[PDB]
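A.B. asks: Structure provided below as structure tokens; questions to follow.
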Amino acid sequence: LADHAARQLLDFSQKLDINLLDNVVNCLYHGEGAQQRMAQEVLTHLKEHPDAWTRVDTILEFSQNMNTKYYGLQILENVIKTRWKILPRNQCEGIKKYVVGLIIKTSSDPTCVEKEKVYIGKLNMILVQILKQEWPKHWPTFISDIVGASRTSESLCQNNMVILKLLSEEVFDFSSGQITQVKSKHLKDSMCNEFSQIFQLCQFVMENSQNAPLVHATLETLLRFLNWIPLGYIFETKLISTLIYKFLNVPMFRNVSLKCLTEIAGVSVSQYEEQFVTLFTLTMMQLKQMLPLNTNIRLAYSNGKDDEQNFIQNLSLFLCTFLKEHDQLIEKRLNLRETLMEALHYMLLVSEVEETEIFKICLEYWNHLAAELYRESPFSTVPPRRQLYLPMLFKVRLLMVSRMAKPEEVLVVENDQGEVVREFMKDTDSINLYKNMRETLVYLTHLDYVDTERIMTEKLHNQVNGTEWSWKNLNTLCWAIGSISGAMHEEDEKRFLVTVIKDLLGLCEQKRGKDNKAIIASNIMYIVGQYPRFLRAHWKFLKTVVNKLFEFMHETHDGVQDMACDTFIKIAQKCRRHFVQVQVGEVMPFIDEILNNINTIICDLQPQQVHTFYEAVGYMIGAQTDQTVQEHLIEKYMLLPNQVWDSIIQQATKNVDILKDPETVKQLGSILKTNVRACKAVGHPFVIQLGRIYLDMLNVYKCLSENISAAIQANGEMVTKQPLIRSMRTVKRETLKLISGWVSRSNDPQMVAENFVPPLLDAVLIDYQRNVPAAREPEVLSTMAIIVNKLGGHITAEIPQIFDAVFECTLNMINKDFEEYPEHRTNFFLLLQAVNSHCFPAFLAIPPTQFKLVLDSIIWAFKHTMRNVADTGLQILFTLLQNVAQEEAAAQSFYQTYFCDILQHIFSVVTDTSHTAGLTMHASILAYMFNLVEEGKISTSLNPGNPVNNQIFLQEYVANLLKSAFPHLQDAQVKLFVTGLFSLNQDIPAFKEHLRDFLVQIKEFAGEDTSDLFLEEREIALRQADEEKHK
Amino acid sequence: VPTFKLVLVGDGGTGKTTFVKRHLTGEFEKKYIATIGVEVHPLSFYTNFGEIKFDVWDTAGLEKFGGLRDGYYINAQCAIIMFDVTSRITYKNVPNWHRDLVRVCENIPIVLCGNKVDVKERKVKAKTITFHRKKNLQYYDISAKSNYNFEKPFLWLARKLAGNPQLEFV
Amino acid sequence: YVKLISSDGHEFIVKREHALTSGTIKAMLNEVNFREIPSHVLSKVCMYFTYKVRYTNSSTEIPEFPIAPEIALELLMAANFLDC
Amino acid sequence: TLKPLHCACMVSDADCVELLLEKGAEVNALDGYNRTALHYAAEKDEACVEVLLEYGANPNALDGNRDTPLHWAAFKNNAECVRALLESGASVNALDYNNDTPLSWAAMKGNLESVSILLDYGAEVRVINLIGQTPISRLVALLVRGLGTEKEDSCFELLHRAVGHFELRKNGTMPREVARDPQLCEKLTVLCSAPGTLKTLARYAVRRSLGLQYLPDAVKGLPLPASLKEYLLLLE
Amino acid sequence: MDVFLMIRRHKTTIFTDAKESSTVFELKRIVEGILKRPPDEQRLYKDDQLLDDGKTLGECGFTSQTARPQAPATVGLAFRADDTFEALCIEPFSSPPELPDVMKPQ
Ligand SMILES: Nc1nc2c(ncn2[C@@H]2O[C@H](COP(=O)(O)OP(=O)(O)OP(=O)(O)O)[C@@H](O)[C@H]2O)c(=O)[nH]1
Ligand SMILES: *[C@@H](CC(=O)NNc1cnccn1)n1cnc(-c2cc(C(F)(F)F)cc(C(F)(F)F)c2)n1
Ligand SMILES: [Mg+2]
């Protein structure tokens, strides 16, 4: 095992054994189990100890394997990051010379590169840190030396270009969060001044040098630099011309040249139009040279290798970006019209590529073009831009219809300790893709609705006669047809959908076999669901569709029933009104007929389909406006499940032990699920059904609670794996879901509070408190949370009872550690936020000890790791502070008792790395606190210093706290930081960046103005900020 | 026989350990046990062209419990840079992890996975994940517990690595 | 009953309501004479009268009425004249 | 998997098809889907149909199911295509493997123009396909579903006039789907129960007698009065 | 069930409906109903074959299946012309004209 040899690596009292260190480092990457565990542990401990110099200066020399030298470089980078400005200048110069010597020795050994590529890269990174901390003043000649060494030889020039790339990255793209704002500004200014010296070396190596590795490295460097290069160098030189001519038309340079051209095109300046025009023209010429207009781009991509695919994608990116940015310019340039059309054809061909990313990239520009054209004029198909683009739109529409992401997204998920359901996704990547395609297609239809009609008709007919028959094609065409909905005037929609339905029914009759029949059934069922506007004008057709759906729900073939139920509910939602009225030529509203047949329609559907169908019916009932008719409707509507409910209730009354019968529990769960869906759909009037079962519902909930608690006691947590336990927990969750849902839908808060609320407090809260912690139901808290959210103040009186019931027992679950019972934490803090935001006076009334415990809970909240919990805690705290501003009577006492502790806790959290996510909330809270302080509040936070204005005592207190936390900070640092807090009080973004800046400094053993403080610069920034917040 | 290694990167609170735990044993985990250092998890897959195995390395995404930082990446042939769609900041840190990765890798196959799309509060709006494009990265919307797209990252990595565009799991 | 006389002089006897089907007969309404309807068509129209009045408002399917193609033209002419 | 002439018909460009017909020996040539190019010409446009018919294109070209181009021309309601194909000598009563005559397919859509033309060329109305449906049966099934408008009403009027008489009460009762539309089931039942005026029966007998020729020109040679021949052309 | 009979004699023509069980005597009263000729003075024939007045319609050469209201059955009738059974003579209907050219078969 060799742990006895291993633990010596931390023995810093003796010289390092380079051989053993290298062996352990290599075994890390070639070890397992305890070997890897303790290896990484020892290495991490080793990297932390102070004597890093003795270890580095030895590893980099006597290390055999490369990764060991890499680890030594990592240690030295830690040293350079932490203790740089406090090293003796002797060691500073020694380190600088040692690293530059190592770099020169390693880089020039071969002509361009060696197996040290990672090792030389990390050497470059070390030198880049040194440069970050020493460049603008201690090495005012480094840039000139780099340029000279570059001109001297290529084995130095390539590595110098790598160095420059790394430095430009670190200085212009990765500064925030790792370098102070003022230091970053200084470095960027220095680079702006020193670029040209680099630029001429770049131009030399680009136009005269011919070492392909070197030129590729230079192109990468230019790409990176382009993110910030002053535009004078870019557009006012020959750089674009050189790129296009000498590097876009050779396999190993075209990728990088195209990336650079893309970055150049993305610029949005207005006075560089001619440079853009020339760029586009030359680029198109070159593209025609390498990529002819008639190439089979799709086959090329499928068969092509990484380079070809990357070139295709980057061609797409360049075209899309340049067009989105300046296409109007070329469109105005008459002579280039042919090139414009050729570029459009390029993007057409690329669009055929089967890669999703490339298709999305092209679709982005397509959507932009369509939206721009629609804005140009809202009327359908003369507008100038539209007049120009018209010829392409035909192919655009053809592609849009041939390819169309499926709108649906259905998944099978198992939850509740083993219960499987079906779920739908809202805005995953695929759904967004479909949304973009649909939006573009709708715009295009608004342009040429007639052409869309013709294309869709032709594709459908092609499916009919078997010429293009294929399930994939049929589904895609149906999704495309559904994509447009109301896109055309309802008369044209009438004609188009009539034709489509006739053709689809004809195809259904023509084909045969269960598979084809099922596919076509799903297809038409989808199409109809997406056209409620047509259905609401054709009562006969709507009735026929509903009847056919009823017929389908008896089908046993998989897929038919689920789609049938989904279509039925979709139709009910958008057509609820017509089912509850007598249509022309009808005797009774169609709802009445449906209700009478509920018995047999669902005779074959599985429980989930049953719930969905009941939800659809409920949606249908809600449209009813007559209260008495609605009540009769609801009575008959819930008649059926109520019978089983009452039977089970009577059986339980005869003997409650039936509740341990799994079948009865499952039936109860199904009944409650049905009721939940009905409550969701019907809305407030559903109370009539609720009252009929409220009391026995709560009673059975209590009985199941008792049963589950006893089972857990006798068997422990493991018994939750028992399906019976799963079933009771189901029943409970669904009961709570019903109650919370109805309360959400209810709109008579006083009636709810005085009728339905107290029974919960009786039979749920004390239950929760009594239950063993493991079996306590987290959803319990959410119900009261929603009840409070809806009732507002009307529930205030019972807040103390609710809290005495649940609050004390909840915290003991979530105070021992940060991890366990997360759902409990989320629900509890949601409840607390609701109470604070709506029932604040309750907090004033409860004993001060309870309020103290609440504040402790809030602090524990925003001290958590999970970002949601922390954000909830911070929001609760901010709302609490806001509210207390009105309770002036107790406001002063609350300040005196908690303000200093809260401020301490906020600074504690901010000064920690694991909570940068809530930086904005921290800034807001601190700004509010300091506004309270400075603007003036009556009391004084410290009795001995009663005459001492808080504006001074708090400054001193916070300075002392920061010093205690971080001794190595210079007094000037802390004093400036605290003064800025007041100065940056009203400029919340400035306050946030100031907090981040301070967070940067604490990580380093900063020096005594040793290139870190820039005190005079900060003074000017803060003093005007103090003036800024002043006015 | 074929063998590789895999390193996971991405700031904490984005499901780095849950993916590997699920693929190893299949059942979800809720507790946010912060990862320490790196854990070696031997992993296996079966395909139409046989079995391929990943030695998965789980790098903690917390600055306070990370360990060796980039040194873990030295021998890796593939990695997933993951974040969370619900936590916007986790996305803003993706470029930082990408940089820290490439500098020690030769543009190896890397997949960007946006976790926790099952949550209905999609703070990280789609239509604003354009970064993965310009770095030739393969992007997947994923979820550890709902299993949405739960196999696409591994499948795509296997296709690009073993070198067989017809590869498929079974 | 009513007696129908054809153009060729043939005489046909049919009860009133049966023969009453023709609108020309209703306008006429105990004898009717036709200058243009030959016997072979008068018998055909009488058979049609009995056929219709037998199957009028018939729940069961009505068997087809056989017609000789040779007589078809004058049969149609007679039907129009009688507007049966 | 298709000849260039078939693709030209796909685009249905008269110039392309007519210039490719210089090779027109392939005009009656099958392809991957067994669709003779005349089928596509009928599906798309009348000009292609005409030009193909000029160069000896077979009007009754079969396919994988024998659905002659006339069937497709009717199904698409390409009135001019249908009339041209028939005038050139297409089998008005061409039978597919299901015996679905072109009139049956025209009714399937309730398209008035093609049905009118097919009747005008003496199409058979009393045909019954293998599944047992009939033109009027399918047109009614369309009306049950509530689709269509006054156009389908006129199409049903023309079919009712043509068929002379018809019955729908299979086994003495209406089909289930029709039953759910009492305000239409009553109309259908009263139509079924009414024996039909003798004039209509005589009209049908005459129309059968004439046969397959173009009737309205054919009737011109008849001695029947102008109004009554118009009636024979289903003007009432 | 019932059957429809076509009664003819010379140019005369009479239509009626008779049940199968109906006796030919019943048809004799039916003739009497419009004709002053008594029943004994009437004798009926099926294609010249004398019909027994006592015979029932069902057992004779007439039945509903054989004759329909659209397709009746001809019945020959004779009087006692000069106190003697006149030889049966049914005057045929005028021969139909000749089919025009258009309507000849294909
Ligand atoms: N909504 C949702 N949450 C998930 C999913 N997977 C994991 N989580 C949550 O995210 C946390 C993931 O923790 P880890 O596995 O350690 O991954 P991490 O968040 O990146 O933490 P580190 O590995 O230490 O960096 C879990 O505690 C879960 O609560 C998921 O698929 N959907
Ligand atoms: C044609 C015949 C059919 O019913 N096919 N489906 C199956 C599948 N499995 C067993 C038995 N039959 N056909 C297919 N679809 C339709 C049709 C569906 C619908 C919809 F509402 F369900 F989408 C409506 C209609 C309508 F509107 F009534 F015409 C028809 N018919
Ligand atoms: Mg983890």
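Residues are referred to by chain and number: the chain letter is A, B, ... according to the order shown in the structure tokens, the number counts from 1 in that chain, and ligands are numbered separately from 1 in the order shown.
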What residues have any atom no more than 6 Å from ligand 1 when counting only C-alpha atoms and all ligand atoms, and can you list them as a count of residues only?

C.D. replies: 22

A.B. asks: Show me which residues line ligand 2, defined as having an atom within 10 Å of a ligand atom where only C-alpha atoms and all ligand atoms count, and present them as JSON, numbers by chain.

C.D. replies: {"A": [501, 502, 504, 505, 506, 507, 508, 509, 510, 511, 512, 513, 514, 515, 516, 517, 518, 519, 520, 521, 522, 523, 524, 525, 526, 527, 528, 529, 540, 541, 542, 543, 544, 545, 546, 547, 548, 549, 550, 551, 552, 553, 554, 555, 556, 557, 558, 560, 561, 563, 564, 567, 568], "D": [141, 142, 144, 145, 146, 147, 177]}

A.B. asks: Please list as a ChimeraX atom specification every residue within 10 Å of residue C:80, counting only C-alpha atoms and excluding residues in the same chain fewer than 6 positions away.

C.D. replies: /C:22-24,74 /D:197-200,202,228

A.B. asks: Those residues with N, CA, C and O atoms, as a compact mmCIF listing (two decimals), in the first residue's frame please?

C.D. replies:
```
# COMPACT_ATOMS: atom_id res chain seq x y z
N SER C 22 -101.25 10.92 -61.13
CA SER C 22 -100.85 11.89 -62.14
C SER C 22 -101.41 13.28 -61.83
O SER C 22 -102.59 13.44 -61.50
N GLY C 23 -100.55 14.29 -61.95
CA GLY C 23 -101.01 15.66 -61.81
C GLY C 23 -101.96 16.05 -62.93
O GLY C 23 -102.93 16.79 -62.71
N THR C 24 -101.71 15.56 -64.14
CA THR C 24 -102.64 15.78 -65.23
C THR C 24 -104.02 15.22 -64.89
O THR C 24 -105.04 15.81 -65.23
N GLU C 74 -90.64 7.63 -75.08
CA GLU C 74 -92.05 7.97 -74.94
C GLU C 74 -92.54 7.74 -73.52
O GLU C 74 -93.47 8.41 -73.07
N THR D 197 -90.27 9.59 -58.61
CA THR D 197 -91.19 9.87 -59.70
C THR D 197 -90.80 9.09 -60.95
O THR D 197 -89.62 8.87 -61.23
N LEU D 198 -91.81 8.67 -61.71
CA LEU D 198 -91.56 7.89 -62.91
C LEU D 198 -90.62 8.61 -63.86
O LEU D 198 -89.84 7.97 -64.57
N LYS D 199 -90.69 9.94 -63.90
CA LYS D 199 -89.83 10.69 -64.80
C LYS D 199 -88.36 10.43 -64.49
O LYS D 199 -87.55 10.24 -65.40
N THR D 200 -88.00 10.40 -63.21
CA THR D 200 -86.62 10.12 -62.84
C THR D 200 -86.20 8.72 -63.26
O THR D 200 -85.09 8.53 -63.77
N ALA D 202 -87.41 6.93 -65.75
CA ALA D 202 -87.24 6.92 -67.20
C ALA D 202 -85.94 7.62 -67.59
O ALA D 202 -85.24 7.16 -68.50
N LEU D 228 -87.08 18.42 -71.97
CA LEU D 228 -86.93 17.08 -71.44
C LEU D 228 -85.52 16.54 -71.66
O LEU D 228 -85.02 15.79 -70.81
```

A.B. asks: Show me, as a PyMOL selection string, the residues that have an atom within 9 Å of residue C:38 when counting only C-alpha atoms, minus same-chain residues fewer than 6 positions from it.

C.D. replies: (chain C and resi 5-10+74) or (chain E and resi 93-94+96)

A.B. asks: Would you mind listing what lies within 12 Å of residue A:412 as an MDAnalysis selection string, with only C-alpha atoms counted and same-chain residues fewer than 4 positions away left out?

C.D. replies: (chainID A and resid 419:425) or (chainID B and resid 145:148)
